[PDB]
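Protein chains in written order, with the entry's author numbering: chain A, -1 to 39, 44 to 374; chain E, -1 to 39, 43 to 63, 66 to 346, 351 to 374; chain F, -1 to 39, 44 to 184, 192 to 374; chain B, -1 to 38, 45 to 64, 67 to 183, 192 to 347, 351 to 374.
Just so it is clear, CB atoms sit at the ideal spot from N, CA and C, and this is done for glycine as well.
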Amino acid sequence: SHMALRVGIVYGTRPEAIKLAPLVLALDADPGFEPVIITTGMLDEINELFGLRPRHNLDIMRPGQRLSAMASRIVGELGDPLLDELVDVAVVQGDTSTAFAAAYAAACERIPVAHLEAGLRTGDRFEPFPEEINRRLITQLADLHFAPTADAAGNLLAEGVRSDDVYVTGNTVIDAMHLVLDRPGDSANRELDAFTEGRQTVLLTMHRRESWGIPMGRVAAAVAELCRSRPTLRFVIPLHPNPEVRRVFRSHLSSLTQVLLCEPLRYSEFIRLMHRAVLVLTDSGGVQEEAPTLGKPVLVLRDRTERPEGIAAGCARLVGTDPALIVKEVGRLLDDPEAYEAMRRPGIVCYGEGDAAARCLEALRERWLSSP
Amino acid sequence: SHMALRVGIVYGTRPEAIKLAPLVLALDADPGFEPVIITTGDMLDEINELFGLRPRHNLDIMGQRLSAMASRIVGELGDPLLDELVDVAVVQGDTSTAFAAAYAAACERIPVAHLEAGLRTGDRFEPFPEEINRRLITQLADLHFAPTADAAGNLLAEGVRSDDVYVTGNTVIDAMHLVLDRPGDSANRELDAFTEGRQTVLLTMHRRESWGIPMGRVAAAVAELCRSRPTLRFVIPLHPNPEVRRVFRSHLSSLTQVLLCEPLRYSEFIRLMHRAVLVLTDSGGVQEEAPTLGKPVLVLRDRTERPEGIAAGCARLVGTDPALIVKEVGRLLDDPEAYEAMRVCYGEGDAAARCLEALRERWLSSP
Amino acid sequence: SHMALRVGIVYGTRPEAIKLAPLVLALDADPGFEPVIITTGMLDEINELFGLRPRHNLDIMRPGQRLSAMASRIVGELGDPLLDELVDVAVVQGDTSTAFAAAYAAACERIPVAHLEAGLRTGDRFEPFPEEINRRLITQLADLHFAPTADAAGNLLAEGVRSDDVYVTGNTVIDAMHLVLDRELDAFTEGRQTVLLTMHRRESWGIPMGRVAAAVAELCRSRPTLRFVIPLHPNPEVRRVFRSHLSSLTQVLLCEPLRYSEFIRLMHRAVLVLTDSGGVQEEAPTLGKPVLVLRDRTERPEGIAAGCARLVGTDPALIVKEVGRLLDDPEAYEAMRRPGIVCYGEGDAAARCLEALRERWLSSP
Amino acid sequence: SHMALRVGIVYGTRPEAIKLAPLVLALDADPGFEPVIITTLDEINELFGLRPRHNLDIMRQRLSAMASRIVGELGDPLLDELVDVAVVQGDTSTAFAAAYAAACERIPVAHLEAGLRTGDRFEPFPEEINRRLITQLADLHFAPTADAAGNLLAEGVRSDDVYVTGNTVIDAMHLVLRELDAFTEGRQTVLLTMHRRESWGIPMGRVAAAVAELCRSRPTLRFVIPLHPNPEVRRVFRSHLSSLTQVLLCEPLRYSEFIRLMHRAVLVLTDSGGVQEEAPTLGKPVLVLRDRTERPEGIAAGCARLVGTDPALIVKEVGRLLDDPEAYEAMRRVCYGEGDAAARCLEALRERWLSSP
Ligand SMILES: O=c1ccn([C@@H]2O[C@H](COP(=O)(O)OP(=O)(O)O[C@H]3O[C@H](CO)[C@@H](O)[C@H](O)[C@H]3O)[C@@H](O)[C@H]2O)c(=O)[nH]1
Ligand SMILES: O=c1ccn([C@@H]2O[C@H](COP(=O)(O)OP(=O)(O)O[C@H]3O[C@H](CO)[C@@H](O)[C@H](O)[C@H]3O)[C@@H](O)[C@H]2O)c(=O)[nH]1
Ligand SMILES: O=c1ccn([C@@H]2O[C@H](COP(=O)(O)OP(=O)(O)O[C@H]3O[C@H](CO)[C@@H](O)[C@H](O)[C@H]3O)[C@@H](O)[C@H]2O)c(=O)[nH]1
Ligand SMILES: O=c1ccn([C@@H]2O[C@H](COP(=O)(O)OP(=O)(O)O[C@H]3O[C@H](CO)[C@@H](O)[C@H](O)[C@H]3O)[C@@H](O)[C@H]2O)c(=O)[nH]1
Ligand code: NA
Ligand code: NA
Ligand code: NA
């Protein structure tokens, strides 16, 4: 019956749910707090795995919808459930239009906002759009910023954020990984094991809209070429749920016995697969954080990254969508064990130790459960 | 957890559901595919229950203007196709659902396959809109499952590339075989009690162009045959339209020799057709099913999309002329040589497997 | 008071309005017919110039709208004005989603359809989308087809159209040009070799248009006497690519869309034309202007075969080379204007459409 | 017929219209540009000859509902009018929601009067956060002062995206330069405007009491108080001052009449941002009826002093200026530009969006 700080948790996508799940679990377990989940948007599957129970699902998001229409709906309609649920403080995560529109909706009701995973920057204006501008808008709206790294905290100060409002918590994705590594029952997959057992397996994920069509086609051609040249090499490619992404990989690779094209994997099964892989090709932000933590070299299928820490430490290299460079760089790592080891620093942490949820909780308690 | 080709299956009517059911079952059993059913149209629940079809979405779109119905399907089918992550969409036959759904799929750059492609009368806008629907679907579809060589030829004459056409045969033969293999579910006490010990004619008639006077002439032909042949019985399952029910009821409800029926479950309907001495119909599907059971067919139309049965002597056009119907039924009952002259046109019952292999070749292959 | 065949005319874009205008004028002048215009969608300006008076404007089309939503609205809502205006027959033009959705809406009311400019094909499935599929859908819906060329008539027969339903009328765009042939631009072009350039196709937005703009910049640097006039398609992304590449070049006049009369006068003064426009590929050869086509495919193969036009795509080196050849070698220039062939008709297409309509729908056996 | 850069101009209030008017006129006169106005006052539009292409009838109402409507509905007119670039002004929820709506359509945004800060988070709300959001959305920033340009750099804006243009309010004043005349003619007249929501009720009551006290103590002193059109603001001034013959309570004045009155006034008491810029330009000392200002330049130069809503301090500070000619002259003498801000904005627009490398 003692007062709980009621913490609004707003998300619409898989990566947000994964990164918020450890914070929701920590808020639930701590008697000083009550998490209140509102979704805007695969998601049921992540909710089931971590035991997240949304109080409200706004049925706002969908493929083939204008950004302005979606943002209009969130700004217009999120206020009522935030007020109805007596939210004291609202947490948003990452770079989504949900995170931006929900932070604004909360600000309109004078509900203080905290930003989970604050301060990631490429330094390329409106690239990608709208994610890069969303981060800069959330940064001005948020009272409190949970930065995953010292570098991200530095980016926040450069945008005029006061040092007292920035906490380097590390990234909750490390917490999330550790939670599913501790769940063998849920992690198991007969077909994936049978396909990877005794082979060098490359794990590949690619989803970014700016790479749709021709650039993804070049990456698929690089996969085909590596498979032809290296009969013992395998690829597992879990496909982003977009029909255009599925079509490009399917039309380039569906006949190659060396490639297992997959449906999206449950997070537990995906982390187990990543642990078994020899290396990871991705344009995913989260996989750039997860893979180095499992000691897997990462080749980044982009011309820019918001994870410069892995680049500077040699854990990750930019490869873009150049098929000759991808073939070369994957070859180097498979053929030269010294090049392979130079990309593994598996006793060094870029993105936190897996206690980020507890560091977020203590920041919330210091800011909103304290008096001078 | 391996990637499945997600195949949208869109239908609104009984004949579509019957012809798609064997393809749904084959897609379900094959690990390379996942069927996703979206309905637009309690006849259908009954077919879904019998074949174990489980719709993911029912749109509740289908006495309504064609333009309003087509507008709603074009407008609203895209969202469930995108939400269900459909890779490819299959439509069947000649319905406004098949056309509007093919168009809605094309708008989302979802490739379309047409089940039972290339049937033509050669009579423009007859019937309307079914004849034009086929020609529109033909231009929208990437892949065409033709039941016969003749149907494949009709597709090439409309500029379809030979590589996009597969002669699969008709899945209605697959569907028939599935319910012939289920005697327990095919049983019907009341039908057996009515037909036991008598020669039974099976009659179905539903086409809008025959409503009112033409159906009345067919009902008069039934009445005349019944008066002249006291031992003859008819079973007439009625299409669920009040005007069709009223014409048959007002002409035949007092004749002890006629059993007017509610629509029959497909299993029971095929068992009845197997027991019948001959079949009178304007149904496309029954023109395919009846010859496969060795039953002579008299076709209650001035045209057919099944010319193969006509050319092979399995079927004869009789239109809605009561004198000709009485004569032609009489000939078959009285002259065993005429009967035997009217006993594969439409495939071997492996059409679902041939569709699956065409889908795998087109959309589960890389160069 | 004698019965007129009431002919529905449905369009939503400038190119449709230009190509339908001569048919509307011929229908208006002939006592056997009454044109009834319904718009779905610059257009006021074309309506004013040719004296077109729409009976109904549906206000369906939009810059940022899903194809399915637009097609749904036309299928759903065009029937009411067609019935209210007692339309007997409907004419649609070209390859637009309006032409397809309106033909379908007309078919739903059992209103017969005629297709103006029928049978143009690349042979590249769904390229562009949805225009290539729209033509093939309209082709199945239309009772009557006005083909601009014998080649286009051949494409219709290969899709199962009966020969009696196909008339080679020629293209009404030639009629339209002739109607308009009977000040800042003048000052800019007067003493100078002027290239006219239009480019609008969605498949070329961004990088390909950037390459074309770079080709223009290179030609301007190498040839100080050369001028370009570039009327810009009204799309902000198209305007941005040309503006960001060319706005400082004194030799380039970037323009707002020109009124059709002013555009045809400019084309007559130009030394040559670079375009991805269908209509400009038909208009330019008729004024004896060599055309370089900024696409990898064309629906006007007649101009290619007759040497009037050449495909140049969006390859900047090839564009620089091909424009250079025509400016520098008067024999190469004359080879693209050789007399002796008329590709797209003589400018009597409206009258040939009218007589096909009278034969089909104002006759009894 | 040559291509013009089509510049969207979006505003919903009098202060925005006044500050945008000189930019609209400069865009209209220059052949390289075409202004396209979308509104979210008729009298200000008439005075400067502004002709809106579209009026969205959105403003009245919850902040979230208004912002939702602008984000949701402004895109269509921006696309229909073929806008190439969009300009927003000041700190309004219109300026923020319109900048966002433009960004959603990949229309580049310029912010007129960029970089004003108090440094007090969410004070006032939502104006202080609106500026910081517009700052991240805008490609181009027209800062009125070097101080404002410095505030933009501290929020990570690149120096190349910031132009110190000065404030277009000076341009607007220059463009405009009977009962009021009869009331002010032979007399020392104080001009007072006060409208800020954070001062409604008790604080405005204290300011009205200060006016009453000054009037009682100084029979020769007059006040003109044009009242903000809010019934609560009108009620507080009316109930405190309507019987005082030395106070003329007014309806809002047309901009030309307001600037003429300010020229005749001996000094100005205001919580208006624009009046803090206009008054020093006419050599009128300003006492600012707030605890903070976004115009620190006038404070530092001695043109303006903060007085808040403390009646004793207001009485004292007005007394000092009326009684001591040395204190008066210390508050008179450019803080906010020379009146060529429109032309400097135009040249920044031409350099950024009407140039090729
Ligand atoms: O089959 C799969 C593939 C991936 N994952 C997980 O999904 C997440 C990645 O999701 P993805 O769709 O690739 O998004 P990201 O690119 O990782 O995330 C973007 O969006 C987030 C929310 O705004 C931001 O935090 C990130 O910085 C930004 O890059 C990771 O935790 C992966 O382990 C699965 O569980 N199953
Ligand atoms: O009591 C009954 C009567 C019929 N049937 C079955 O229903 C189907 C026929 O349905 P019907 O309404 O008569 O439609 P058809 O006329 O067969 O089908 C039309 O519509 C189909 C869908 O577009 C096309 O494939 C056909 O060519 C076209 O003729 C057949 O399989 C019959 O066996 C029953 O199950 N029970
Ligand atoms: O500033 C300009 C530019 C062009 N035009 C005229 O506009 C037409 C060209 O319009 P455009 O937008 O380029 O479209 P097109 O590419 O010509 O037309 C497409 O759309 C038409 C309608 O479906 C089809 O007939 C064509 O085959 C197809 O290529 C021609 O008459 C030009 O002379 C002007 O009047 N002013
Ligand atoms: O009776 C009157 C009173 C004032 N004014 C004029 O109105 C403007 C002031 O408007 P006001 O309602 O007081 O608004 P401000 O407080 O000046 O403006 C706020 O809103 C603007 C737009 O967001 C920002 O530029 C400012 O920094 C911010 O303080 C000035 O130009 C005055 O000259 C009149 O014309 N008549
Ligand atoms: Na708790
Ligand atoms: Na399956
Ligand atoms: Na006429």
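- For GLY312/B, there is no enclosing beta strand (DSSP E); the residue is part of the alpha helix (DSSP H) that begins and ends at 310 to 314.
- Separation of the CB atoms of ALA155/F and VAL168/F is rounded to 5 Å, and the pair is thereby assigned contact status at 8 Å.
- Contact between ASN173/A and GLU133/A does not hold, since the beta-carbon distance rounds to 17 Å and is not under 8 Å.
- Taken through DSSP and simplified to helix, strand or coil, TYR9/F comes out as strand.
- Contact between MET345/A and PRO299/A holds, with the beta-carbon distance rounding to 3 Å and staying under 8 Å.
- Between the stretch 234 to 245 of chain F and the stretch 201 to 211 of chain F, the count of C-beta pairs closer than 8 Å reaches three or more; the two stretches touch.
- Residue side-chain check: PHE197/E keeps its Cβ at 6 Å or more from all non-hydrogen atoms of ligand 2.
- At the C-beta level, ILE76/E and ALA116/E stay beyond 7 Å of one another.
- At least one heavy atom of ligand 4 sits closer than 6 Å to the Cβ of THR207/B.
- The beta carbon of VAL163/E does not come within 7 Å of any beta carbon belonging to chain F, so the residue lies off that interface.
- Interface annotation, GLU265/F: in contact with chain B, CB-CB separation under 7 Å.
- Between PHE31/E and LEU25/E the beta-carbon gap is near 4 Å, inside 8 Å, which marks them as a contact.
- With 16 or more other Cβ atoms inside 10 Å of its own Cβ, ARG4/E counts as buried.
- Among the residues of the stretch 69 to 89 of chain A, those with a Cβ less than 7 Å away from any Cβ of chain B are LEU69, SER70, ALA71, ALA73, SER74, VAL77, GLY78, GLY81, in the order of the chain.
- Residues of chain E whose Cβ lies closer than 7 Å to the Cβ of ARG138/F are, in chain order, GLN142.
- Boundaries of the alpha helix (DSSP H) harbouring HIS277/A: 269 to 278, taken from the DSSP string.
- Taking 6 Å as the cut-off, one finds no heavy atom of ligand 7 near enough to the beta carbon of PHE52/F.
- Check the Cα spacing between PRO65/A and each of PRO83/E, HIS58/E, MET72/E, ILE313/E: the tightest is with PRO83/E.
- In the DSSP assignment, the residues bridged to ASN59/E are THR37/E.
- For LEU69/E, the enclosing alpha helix (DSSP H) has its first and last residue at 69 to 79.
- Remark: fewer than three beta-carbon pairs, one from each stretch, lie closer than 8 Å, so the stretch 245 to 260 of chain E and the stretch 270 to 279 of chain E are not flagged as touching.
- Assignment of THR203/E by DSSP, reduced to helix, strand and coil, places it in the strand class.
- In terms of beta-carbon proximity, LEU320/E stays away from the interface with chain A, with every pair separated by 7 Å or more.
- Between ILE140/F and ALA101/F, the gap from beta carbon to beta carbon is short of 7 Å.
- Residues are counted here when their Cβ sits less than 9 Å from a Cβ of chain F; for the stretch 251 to 278 of chain B the count is zero.
- Three or more Cβ pairs closer than 8 Å define a contact, and the stretch 315 to 325 of chain A meets that threshold against the stretch 339 to 359 of chain A.
- Interface criterion met: the Cβ of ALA107/A is under 7 Å from a Cβ in chain B.
- In the DSSP assignment, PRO240/E falls within the unbroken beta strand (DSSP E) covering 236 to 240.
- Between ligand 3 and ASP153/F, a heavy atom-to-CB distance of less than 6 Å is absent.
- Relative to ligand 6, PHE31/E has its C-beta within less than 6 Å of a heavy atom.
- Contact note: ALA160/E reaches chain F through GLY162, using a C-beta cutoff of 8 Å and chain order.
- By the rule that beta-carbons nearer than 7 Å mark a contact, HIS0/E touches chain A.
- Between ligand 5 and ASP28/A, a heavy atom-to-CB distance of less than 6 Å is present.
- Contact with chain A is absent for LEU60/E, since none of that chain's Cβ atoms lies less than 7 Å from the residue's Cβ.
- Neighbourhood of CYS110/F in chain E, by CB distance below 8 Å: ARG68, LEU69, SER70, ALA73, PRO132, in chain order.
- In this structure the stretch 175 to 188 of chain E touches the stretch 279 to 294 of chain E; the number of beta carbon pairs closer than 8 Å is three or more.
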